[PDB]
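K.L.:
Provided below: protein.cif, containing mmCIF, N, CA, C and O atoms.
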data_entry
loop_
_atom_site.group_PDB
_atom_site.id
_atom_site.type_symbol
_atom_site.label_atom_id
_atom_site.label_comp_id
_atom_site.auth_asym_id
_atom_site.auth_seq_id
_atom_site.Cartn_x
_atom_site.Cartn_y
_atom_site.Cartn_z
ATOM 1 N N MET W 1 6.911 -25.110 18.473
ATOM 2 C CA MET W 1 5.712 -25.611 17.810
ATOM 3 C C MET W 1 5.224 -24.601 16.770
ATOM 4 O O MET W 1 4.074 -24.160 16.817
ATOM 5 N N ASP W 2 6.092 -24.249 15.823
ATOM 6 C CA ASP W 2 5.923 -23.010 15.057
ATOM 7 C C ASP W 2 5.350 -23.078 13.635
ATOM 8 O O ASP W 2 4.740 -24.062 13.216
ATOM 9 N N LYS W 3 5.565 -21.962 12.935
ATOM 10 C CA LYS W 3 5.195 -21.685 11.540
ATOM 11 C C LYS W 3 3.696 -21.628 11.240
ATOM 12 O O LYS W 3 3.283 -20.868 10.365
ATOM 13 N N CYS W 4 2.879 -22.403 11.942
ATOM 14 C CA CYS W 4 1.436 -22.215 11.828
ATOM 15 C C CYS W 4 1.006 -21.010 12.671
ATOM 16 O O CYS W 4 0.204 -20.183 12.234
ATOM 17 N N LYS W 5 1.574 -20.907 13.868
ATOM 18 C CA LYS W 5 1.225 -19.856 14.823
ATOM 19 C C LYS W 5 2.237 -18.718 14.869
ATOM 20 O O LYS W 5 3.359 -18.946 15.304
ATOM 21 N N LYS W 6 1.858 -17.507 14.449
ATOM 22 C CA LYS W 6 2.763 -16.355 14.538
ATOM 23 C C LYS W 6 2.224 -15.264 15.475
ATOM 24 O O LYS W 6 1.029 -14.959 15.477
ATOM 25 N N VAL W 7 3.119 -14.684 16.267
ATOM 26 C CA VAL W 7 2.785 -13.556 17.133
ATOM 27 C C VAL W 7 2.402 -12.318 16.334
ATOM 28 O O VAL W 7 3.096 -11.938 15.394
ATOM 29 N N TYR W 8 1.290 -11.695 16.717
ATOM 30 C CA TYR W 8 0.876 -10.423 16.143
ATOM 31 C C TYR W 8 1.782 -9.346 16.727
ATOM 32 O O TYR W 8 1.543 -8.857 17.832
ATOM 33 N N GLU W 9 2.837 -9.001 16.001
ATOM 34 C CA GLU W 9 3.828 -8.083 16.536
ATOM 35 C C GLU W 9 3.215 -6.710 16.748
ATOM 36 O O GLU W 9 2.447 -6.225 15.917
ATOM 37 N N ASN W 10 3.556 -6.112 17.884
ATOM 38 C CA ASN W 10 3.098 -4.781 18.283
ATOM 39 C C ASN W 10 1.590 -4.679 18.506
ATOM 40 O O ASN W 10 1.035 -3.578 18.523
ATOM 41 N N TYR W 11 0.930 -5.817 18.694
ATOM 42 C CA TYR W 11 -0.488 -5.810 19.054
ATOM 43 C C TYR W 11 -0.693 -5.158 20.418
ATOM 44 O O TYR W 11 0.079 -5.402 21.349
ATOM 45 N N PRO W 12 -1.721 -4.306 20.550
ATOM 46 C CA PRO W 12 -1.978 -3.746 21.880
ATOM 47 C C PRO W 12 -2.743 -4.744 22.728
ATOM 48 O O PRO W 12 -3.938 -4.985 22.520
ATOM 49 N N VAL W 13 -2.058 -5.324 23.700
ATOM 50 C CA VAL W 13 -2.609 -6.504 24.327
ATOM 51 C C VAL W 13 -3.767 -6.208 25.292
ATOM 52 O O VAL W 13 -4.434 -7.120 25.720
ATOM 53 N N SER W 14 -4.068 -4.937 25.579
ATOM 54 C CA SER W 14 -5.329 -4.637 26.263
ATOM 55 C C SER W 14 -6.518 -5.229 25.496
ATOM 56 O O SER W 14 -7.541 -5.568 26.083
ATOM 57 N N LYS W 15 -6.376 -5.323 24.179
ATOM 58 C CA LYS W 15 -7.470 -5.806 23.347
ATOM 59 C C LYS W 15 -7.762 -7.280 23.539
ATOM 60 O O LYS W 15 -8.824 -7.732 23.132
ATOM 61 N N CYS W 16 -6.845 -8.028 24.145
ATOM 62 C CA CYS W 16 -7.164 -9.416 24.494
ATOM 63 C C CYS W 16 -8.340 -9.524 25.464
ATOM 64 O O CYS W 16 -8.949 -10.590 25.580
ATOM 65 N N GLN W 17 -8.667 -8.446 26.171
ATOM 66 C CA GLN W 17 -9.842 -8.456 27.047
ATOM 67 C C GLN W 17 -11.173 -8.483 26.312
ATOM 68 O O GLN W 17 -12.212 -8.757 26.903
ATOM 69 N N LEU W 18 -11.147 -8.125 25.034
ATOM 70 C CA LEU W 18 -12.346 -8.100 24.210
ATOM 71 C C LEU W 18 -12.582 -9.473 23.598
ATOM 72 O O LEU W 18 -11.704 -10.007 22.919
ATOM 73 N N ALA W 19 -13.750 -10.039 23.870
ATOM 74 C CA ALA W 19 -14.091 -11.357 23.342
ATOM 75 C C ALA W 19 -13.926 -11.382 21.825
ATOM 76 O O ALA W 19 -14.421 -10.493 21.121
ATOM 77 N N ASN W 20 -13.187 -12.385 21.357
ATOM 78 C CA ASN W 20 -12.972 -12.659 19.938
ATOM 79 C C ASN W 20 -12.110 -11.632 19.224
ATOM 80 O O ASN W 20 -11.967 -11.693 18.002
ATOM 81 N N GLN W 21 -11.507 -10.695 19.956
ATOM 82 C CA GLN W 21 -10.869 -9.590 19.259
ATOM 83 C C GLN W 21 -9.542 -9.967 18.579
ATOM 84 O O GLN W 21 -9.258 -9.531 17.461
ATOM 85 N N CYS W 22 -8.691 -10.733 19.257
ATOM 86 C CA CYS W 22 -7.467 -11.194 18.633
ATOM 87 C C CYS W 22 -7.796 -12.041 17.395
ATOM 88 O O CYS W 22 -7.176 -11.882 16.338
ATOM 89 N N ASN W 23 -8.739 -12.953 17.562
ATOM 90 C CA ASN W 23 -9.232 -13.756 16.443
ATOM 91 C C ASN W 23 -9.625 -12.869 15.254
ATOM 92 O O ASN W 23 -9.156 -13.056 14.121
ATOM 93 N N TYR W 24 -10.466 -11.884 15.539
ATOM 94 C CA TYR W 24 -10.958 -10.946 14.540
ATOM 95 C C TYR W 24 -9.828 -10.199 13.838
ATOM 96 O O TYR W 24 -9.755 -10.165 12.601
ATOM 97 N N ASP W 25 -8.924 -9.606 14.612
ATOM 98 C CA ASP W 25 -7.846 -8.852 14.009
ATOM 99 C C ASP W 25 -6.901 -9.756 13.222
ATOM 100 O O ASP W 25 -6.378 -9.357 12.176
ATOM 101 N N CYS W 26 -6.685 -10.970 13.710
ATOM 102 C CA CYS W 26 -5.804 -11.901 12.996
ATOM 103 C C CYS W 26 -6.368 -12.222 11.621
ATOM 104 O O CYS W 26 -5.628 -12.239 10.639
ATOM 105 N N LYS W 27 -7.680 -12.437 11.557
ATOM 106 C CA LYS W 27 -8.325 -12.801 10.293
ATOM 107 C C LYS W 27 -8.352 -11.614 9.347
ATOM 108 O O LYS W 27 -7.896 -11.700 8.204
ATOM 109 N N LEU W 28 -8.882 -10.494 9.819
ATOM 110 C CA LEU W 28 -9.154 -9.370 8.931
ATOM 111 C C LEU W 28 -7.908 -8.587 8.552
ATOM 112 O O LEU W 28 -7.792 -8.091 7.431
ATOM 113 N N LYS W 29 -6.977 -8.457 9.487
ATOM 114 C CA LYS W 29 -5.815 -7.616 9.266
ATOM 115 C C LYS W 29 -4.579 -8.398 8.841
ATOM 116 O O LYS W 29 -3.826 -7.938 7.982
ATOM 117 N N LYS W 30 -4.372 -9.569 9.440
ATOM 118 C CA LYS W 30 -3.190 -10.378 9.146
ATOM 119 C C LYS W 30 -3.508 -11.426 8.087
ATOM 120 O O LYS W 30 -2.614 -12.127 7.614
ATOM 121 N N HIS W 31 -4.787 -11.525 7.730
ATOM 122 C CA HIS W 31 -5.258 -12.508 6.755
ATOM 123 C C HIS W 31 -4.889 -13.917 7.206
ATOM 124 O O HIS W 31 -4.520 -14.765 6.396
ATOM 125 N N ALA W 32 -4.974 -14.147 8.513
ATOM 126 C CA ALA W 32 -4.800 -15.471 9.088
ATOM 127 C C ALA W 32 -6.152 -16.167 9.150
ATOM 128 O O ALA W 32 -7.165 -15.589 8.768
ATOM 129 N N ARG W 33 -6.168 -17.399 9.640
ATOM 130 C CA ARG W 33 -7.402 -18.170 9.704
ATOM 131 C C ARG W 33 -8.049 -18.103 11.084
ATOM 132 O O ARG W 33 -9.261 -18.276 11.229
ATOM 133 N N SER W 34 -7.234 -17.840 12.102
ATOM 134 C CA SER W 34 -7.760 -17.633 13.443
ATOM 135 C C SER W 34 -6.723 -16.926 14.300
ATOM 136 O O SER W 34 -5.628 -16.626 13.842
ATOM 137 N N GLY W 35 -7.092 -16.659 15.544
ATOM 138 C CA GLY W 35 -6.157 -16.090 16.495
ATOM 139 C C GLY W 35 -6.690 -16.242 17.894
ATOM 140 O O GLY W 35 -7.886 -16.342 18.099
ATOM 141 N N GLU W 36 -5.794 -16.244 18.874
ATOM 142 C CA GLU W 36 -6.172 -16.301 20.286
ATOM 143 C C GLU W 36 -5.022 -15.700 21.094
ATOM 144 O O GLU W 36 -3.879 -15.707 20.648
ATOM 145 N N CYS W 37 -5.339 -15.153 22.257
ATOM 146 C CA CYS W 37 -4.295 -14.623 23.124
ATOM 147 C C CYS W 37 -3.758 -15.712 24.035
ATOM 148 O O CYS W 37 -4.528 -16.458 24.645
ATOM 149 N N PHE W 38 -2.429 -15.766 24.120
ATOM 150 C CA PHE W 38 -1.705 -16.711 24.964
ATOM 151 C C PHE W 38 -0.632 -15.970 25.735
ATOM 152 O O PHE W 38 -0.126 -14.964 25.267
ATOM 153 N N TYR W 39 -0.253 -16.500 26.894
ATOM 154 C CA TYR W 39 0.893 -15.982 27.633
ATOM 155 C C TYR W 39 2.195 -16.591 27.117
ATOM 156 O O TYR W 39 2.262 -17.798 26.898
ATOM 157 N N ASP W 40 3.228 -15.780 26.912
ATOM 158 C CA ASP W 40 4.491 -16.330 26.448
ATOM 159 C C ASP W 40 5.354 -16.721 27.650
ATOM 160 O O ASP W 40 4.900 -16.664 28.794
ATOM 161 N N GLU W 41 6.591 -17.118 27.385
ATOM 162 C CA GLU W 41 7.445 -17.646 28.443
ATOM 163 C C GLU W 41 7.936 -16.566 29.411
ATOM 164 O O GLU W 41 8.459 -16.874 30.480
ATOM 165 N N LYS W 42 7.769 -15.300 29.042
ATOM 166 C CA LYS W 42 8.108 -14.200 29.941
ATOM 167 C C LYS W 42 6.879 -13.751 30.731
ATOM 168 O O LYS W 42 6.924 -12.747 31.442
ATOM 169 N N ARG W 43 5.788 -14.510 30.567
ATOM 170 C CA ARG W 43 4.513 -14.360 31.288
ATOM 171 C C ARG W 43 3.731 -13.137 30.805
ATOM 172 O O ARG W 43 2.889 -12.594 31.526
ATOM 173 N N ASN W 44 4.013 -12.740 29.568
ATOM 174 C CA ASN W 44 3.321 -11.630 28.915
ATOM 175 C C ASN W 44 2.253 -12.096 27.933
ATOM 176 O O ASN W 44 2.482 -13.011 27.158
ATOM 177 N N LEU W 45 1.087 -11.464 27.985
ATOM 178 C CA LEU W 45 0.005 -11.824 27.080
ATOM 179 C C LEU W 45 0.378 -11.433 25.654
ATOM 180 O O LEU W 45 0.981 -10.382 25.432
ATOM 181 N N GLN W 46 0.055 -12.293 24.689
ATOM 182 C CA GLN W 46 0.329 -12.007 23.281
ATOM 183 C C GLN W 46 -0.865 -12.417 22.449
ATOM 184 O O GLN W 46 -1.542 -13.373 22.783
ATOM 185 N N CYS W 47 -1.135 -11.680 21.379
ATOM 186 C CA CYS W 47 -2.097 -12.156 20.399
ATOM 187 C C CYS W 47 -1.343 -13.021 19.404
ATOM 188 O O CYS W 47 -0.397 -12.560 18.785
ATOM 189 N N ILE W 48 -1.767 -14.277 19.269
ATOM 190 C CA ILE W 48 -1.127 -15.236 18.376
ATOM 191 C C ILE W 48 -2.066 -15.597 17.229
ATOM 192 O O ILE W 48 -3.148 -16.134 17.470
ATOM 193 N N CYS W 49 -1.649 -15.293 16.007
ATOM 194 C CA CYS W 49 -2.430 -15.657 14.823
ATOM 195 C C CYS W 49 -2.070 -17.053 14.327
ATOM 196 O O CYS W 49 -0.920 -17.482 14.426
ATOM 197 N N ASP W 50 -3.066 -17.743 13.781
ATOM 198 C CA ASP W 50 -2.900 -19.100 13.272
ATOM 199 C C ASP W 50 -3.309 -19.128 11.800
ATOM 200 O O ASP W 50 -4.453 -18.833 11.456
ATOM 201 N N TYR W 51 -2.360 -19.464 10.934
ATOM 202 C CA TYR W 51 -2.587 -19.428 9.495
ATOM 203 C C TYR W 51 -2.947 -20.807 8.953
ATOM 204 O O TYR W 51 -2.943 -21.026 7.745
ATOM 205 N N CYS W 52 -3.264 -21.731 9.853
ATOM 206 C CA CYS W 52 -3.611 -23.089 9.460
ATOM 207 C C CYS W 52 -4.979 -23.489 10.002
ATOM 208 O O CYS W 52 -5.886 -23.830 9.239
ATOM 209 N N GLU W 53 -5.121 -23.446 11.322
ATOM 210 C CA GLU W 53 -6.364 -23.835 11.972
ATOM 211 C C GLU W 53 -7.376 -22.694 11.968
ATOM 212 O O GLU W 53 -7.017 -21.530 12.158
ATOM 213 N N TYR W 54 -8.643 -23.032 11.751
ATOM 214 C CA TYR W 54 -9.704 -22.035 11.781
ATOM 215 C C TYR W 54 -10.284 -21.914 13.183
ATOM 216 O O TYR W 54 -9.994 -22.727 14.061
#
Using structure tokens, write down the structure that the file contains.
P.N.:
Amino acid sequence: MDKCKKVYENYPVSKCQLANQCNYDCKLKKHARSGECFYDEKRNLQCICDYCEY
């Protein structure tokens, strides 16, 4: 379900504990439109940036 949603590579995932932090870093640093932390198929938390949805 790709191309809109990209993984923030090398993101320190402790920061997913901070409210809105992945969102914030995705917008300001990756110049994406939003971001949220999700678990991947290896059951690891990831910050995922979204360059389409706000």
K.L.:
Which residues would end up in the selection if the PyMOL selection byres ((chain W and resi 6-21) around 8) were applied here, given that I need the answer as a list in words?
P.N.:
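That expression, the PyMOL selection byres ((chain W and resi 6-21) around 8), corresponds here to residues 1, 2, 3, 4, 5, 22, 23, 24, 25, 26, 27, 28, 34, 35, 36, 37, 38, 45, 46, 47, 48, 49, 50 and 51 of chain W.
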K.L.:
Hey, can you check how far atom O of residue 52 (chain W) sits from atom C of residue 31 (chain W)?
P.N.:
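So the two atoms, atom O of residue 52 (chain W) and atom C of residue 31 (chain W), lie 10.2 Å apart.
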K.L.:
Go ahead and compute the interatomic distance for atom N of residue 54 (chain W) and CA of residue 33 (chain W), in Å to one decimal.
P.N.:
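Separation between atom N of residue 54 (chain W) and CA of residue 33 (chain W): 5.4 Å.
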K.L.:
Could you pull out the residues in chain W that DSSP calls strand (DSSP E or B) from the backbone, as a ChimeraX atom specification?
P.N.:
/W:5-7,34-39,45-50
K.L.:
Per DSSP on the backbone, what are the alpha helix (DSSP H) residues of region 4-39 of chain W, as a VMD selection string?
P.N.:
chain W and resid 21 to 28
K.L.:
Those selected residues, please, written with N, CA, C and O atoms and delivered as a PDB file, keeping the file's coordinate frame.
P.N.:
ATOM      1  N   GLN W  21     -11.507 -10.695  19.956  1.00  0.00           N
ATOM      2  CA  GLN W  21     -10.869  -9.590  19.259  1.00  0.00           C
ATOM      3  C   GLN W  21      -9.542  -9.967  18.579  1.00  0.00           C
ATOM      4  O   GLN W  21      -9.258  -9.531  17.461  1.00  0.00           O
ATOM      5  N   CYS W  22      -8.691 -10.733  19.257  1.00  0.00           N
ATOM      6  CA  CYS W  22      -7.467 -11.194  18.633  1.00  0.00           C
ATOM      7  C   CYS W  22      -7.796 -12.041  17.395  1.00  0.00           C
ATOM      8  O   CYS W  22      -7.176 -11.882  16.338  1.00  0.00           O
ATOM      9  N   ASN W  23      -8.739 -12.953  17.562  1.00  0.00           N
ATOM     10  CA  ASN W  23      -9.232 -13.756  16.443  1.00  0.00           C
ATOM     11  C   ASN W  23      -9.625 -12.869  15.254  1.00  0.00           C
ATOM     12  O   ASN W  23      -9.156 -13.056  14.121  1.00  0.00           O
ATOM     13  N   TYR W  24     -10.466 -11.884  15.539  1.00  0.00           N
ATOM     14  CA  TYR W  24     -10.958 -10.946  14.540  1.00  0.00           C
ATOM     15  C   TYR W  24      -9.828 -10.199  13.838  1.00  0.00           C
ATOM     16  O   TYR W  24      -9.755 -10.165  12.601  1.00  0.00           O
ATOM     17  N   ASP W  25      -8.924  -9.606  14.612  1.00  0.00           N
ATOM     18  CA  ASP W  25      -7.846  -8.852  14.009  1.00  0.00           C
ATOM     19  C   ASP W  25      -6.901  -9.756  13.222  1.00  0.00           C
ATOM     20  O   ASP W  25      -6.378  -9.357  12.176  1.00  0.00           O
ATOM     21  N   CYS W  26      -6.685 -10.970  13.710  1.00  0.00           N
ATOM     22  CA  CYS W  26      -5.804 -11.901  12.996  1.00  0.00           C
ATOM     23  C   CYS W  26      -6.368 -12.222  11.621  1.00  0.00           C
ATOM     24  O   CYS W  26      -5.628 -12.239  10.639  1.00  0.00           O
ATOM     25  N   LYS W  27      -7.680 -12.437  11.557  1.00  0.00           N
ATOM     26  CA  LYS W  27      -8.325 -12.801  10.293  1.00  0.00           C
ATOM     27  C   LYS W  27      -8.352 -11.614   9.347  1.00  0.00           C
ATOM     28  O   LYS W  27      -7.896 -11.700   8.204  1.00  0.00           O
ATOM     29  N   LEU W  28      -8.882 -10.494   9.819  1.00  0.00           N
ATOM     30  CA  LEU W  28      -9.154  -9.370   8.931  1.00  0.00           C
ATOM     31  C   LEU W  28      -7.908  -8.587   8.552  1.00  0.00           C
ATOM     32  O   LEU W  28      -7.792  -8.091   7.431  1.00  0.00           O
TER      33      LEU W  28
END
K.L.:
Write out as JSON an axis-aligned box for region 40-51 of chain W: all of its atoms listed in the file, 6 Å added on each side, centre and edge lengths in Å with one decimal.
P.N.:
{"center_x": 2.0, "center_y": -15.7, "center_z": 19.6, "size_x": 24.9, "size_y": 22.6, "size_z": 35.8}
